[PDB]
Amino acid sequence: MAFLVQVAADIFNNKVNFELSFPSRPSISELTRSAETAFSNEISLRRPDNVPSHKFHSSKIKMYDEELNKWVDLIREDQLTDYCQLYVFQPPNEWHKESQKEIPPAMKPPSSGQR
């Protein structure tokens, strides 16, 4: 009925995983905008009061390809499959660093940002 993608990232030293819903297979631009919005909302929610406000910026997106059993770059508009798992990197920054903490079961993304 809807096309789902799981999108994971490292936010303040926790691995987060969101289920994003689309009417059909999204474009990479559409997916990227949806993911940046969801992760920016997560940052706003989780931000420690000693950290300045900031947004999530995607730098590279990988997809775990079950056909090849490996992580590959998301480059083409015919790679995404329903309920596939993506991981989104950011450019180097002070607050969010990569970890090999396992990707948790996907949850609905935040419902809003912070007023």
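The first residue of the shown sequence is 1; numbering continues from there.
A summary of the deposited B-factors shows that, of 92-100 and 14-22, the stretch with the larger mean C-alpha value is 92-100. Mean CA B-factor, 2-10 versus 105-113: the higher value falls on 105-113. Per the PDB entry, 77 shows the highest C-alpha temperature factor of the residues 36, 77, 65, 42.
Highest CA B-factor among the listed residues (49, 30, 73, 82): 49.
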